[PDB]
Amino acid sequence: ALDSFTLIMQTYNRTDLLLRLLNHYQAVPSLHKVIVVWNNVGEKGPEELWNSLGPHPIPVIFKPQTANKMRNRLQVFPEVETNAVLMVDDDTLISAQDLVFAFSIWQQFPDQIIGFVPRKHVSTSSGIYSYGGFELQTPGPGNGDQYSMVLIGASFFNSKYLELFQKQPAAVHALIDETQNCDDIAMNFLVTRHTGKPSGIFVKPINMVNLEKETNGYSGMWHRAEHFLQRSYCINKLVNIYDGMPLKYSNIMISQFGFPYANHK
């Protein structure tokens, strides 16, 4: 339970993709337990099939959910006995090498969101914010780019945030349910307000693959027409609810010294 993390993977109409990723994550070092947040209402969980294929390196708890909400994976699960939580979308495969190193980074910055997918917010109209990535001009000062968020769907964060999240303003919970989007944007707001530091630190993945297309079922949430537009919306809504833009920019990109070999020179 000490020096270990808990994998929280929410899955929706991607059971085939899920079983494949589960075979991967179960074998990662420092993994204490896995919590599958089953969002397939009225659909028989896979646990049975999962046991017939045992033994497994660690315990895997399949929690059926009331409704299919993006927030479900943010509840305070009693079976989480680790200080750190590893949250991954059920369509992403992060190499063990990336997890071990990133987790070791999280331990040096437990109060921050350590992940592999960085994003930013920009502003052009005094007070009006927009959501985006490196395709948008750097809001930042001089050189390079900046990021003010790390998406929780590929990250390590202190499990006490799930608690802190629950204690957040009702309007925020409402906002997440109303859109079934921007739950990670909320978490980033929540974290930075709590620490006063950038909500996250970006760890460049040496081997992370997205399996979106390799699945029977839905194409994926970010392909919806109003996805991005919906995200810019959320940032502005949160600024209203919290009455202020808390996100702070950062341009720190951490890579593993010497992995690959001689990448320092």
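In case it trips you up, residue 1 is the first one in the sequence shown, and so on.
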query: Other entries omitting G217, at least a third; finding: yes
query: Which of 124-132 and 182-190 has higher mean CA B factor, as the PDB entry lists it; finding: 124-132
query: Average Cα temperature factor in the PDB entry - higher stretch of 111-119, 142-150; finding: 142-150
query: From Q26, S30, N216, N207, residue of greatest CA B-factor; finding: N216
query: Member of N83, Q137, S155, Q97 with the greatest C-alpha B factor (per the PDB record); finding: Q137
query: Record-listed C-alpha B factor of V60: chain third; finding: middle
query: Among modelled residues of the same chain, the CA temperature factor third for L53; finding: middle
query: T66, C-alpha B-factor rank within chain (lowest, middle or highest third); finding: highest
query: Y249, C-alpha B-factor rank within chain (lowest, middle or highest third); finding: lowest
query: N39, C-alpha B-factor rank within chain (lowest, middle or highest third); finding: middle
